[PDB]
Amino acid sequence: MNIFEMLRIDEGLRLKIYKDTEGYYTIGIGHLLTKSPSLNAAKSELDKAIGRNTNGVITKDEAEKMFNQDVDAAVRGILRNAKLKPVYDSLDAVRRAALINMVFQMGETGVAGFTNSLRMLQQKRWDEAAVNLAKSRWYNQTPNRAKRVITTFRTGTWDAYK
Ligand SMILES: [Cl-]
Ligand SMILES: [Cl-]
């Protein structure tokens, strides 16, 4: 299992614009297009992302390609963030993937906001962190996924995704 697979499981794959769980326009593999209510705006950002007139629909290859950039961007965002970097550096390979997932779903900023959990992860207090991470809107709104990510930090294994 790896980061790609993991996220592919949490996000799914859709080749037509759709609304995510927060109601925002997305496409592909969790690729957010815009927070705006406007479908045109969405279609517009999509074309600009893809580099052609898509009329709201893309191919598998195109999705995958965006997915790859988005993963890369997430890592890169982590490495550039003063609060994240150190946590990430302290972690083993599996758990890193867990931090990437959260950043891909919520943004670097959102994540950097879980101060207390981060500290805990840095200290390798698995159970404690898992409990703190659950007291969050994130967990309340997308509980199944949050559960998968949290178990992963808790156990250091891929069991939640097997
Ligand atoms: Cl883009
Ligand atoms: Cl969920």
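Quick check of the header: X-ray crystallography, 2.0 Å.
From the backbone N, Cα and C atoms, a Cβ is placed for every residue, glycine too.
With a cut-off of 8 Å between CB atoms and residues at least 6 apart in sequence, the same chain places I29, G30 near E11 (active site, proton donor/acceptor), listed in sequence order. Under the three-state DSSP scheme, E11 (active site, proton donor/acceptor) falls in the helix class. Swiss-Prot lists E11 (among others) with the feature active site, proton donor/acceptor.
Residues or ranges marked as active site, proton donor/acceptor in Swiss-Prot: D20 (among others). Using a 10 Å radius centred on the Cβ of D20 (active site, proton donor/acceptor) and all shown protein chains, the other Cβ atoms total 17.
Its Cβ placed at the centre, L32 (substrate binding site) has 18 other Cβ atoms within 10 Å. DSSP assigns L32 (substrate binding site) to a strand segment in the three-state reduction. If you look up Swiss-Prot, you'll see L32, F104, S117, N132 marked as substrate binding site.
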Task: Pop the Cα-Cα gap between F104 (substrate binding site) and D20 (active site, proton donor/acceptor) into the table, whole Å please.
output: 14
Task: For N132 (substrate binding site), just count the other CB atoms lying within 10 A of its CB, please.
output: 19
- request: Tell me the Cβ contacts of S117 (substrate binding site) under 8 Å, same chain only and six or more apart in sequence, or just say none.
  value: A129, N132, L133
- request: Would you measure the largest Cα separation among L32, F104, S117, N132 for the substrate site and round it to whole Å?
  value: 27
Statement: Simplified DSSP label at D20 (active site, proton donor/acceptor) comes out coil
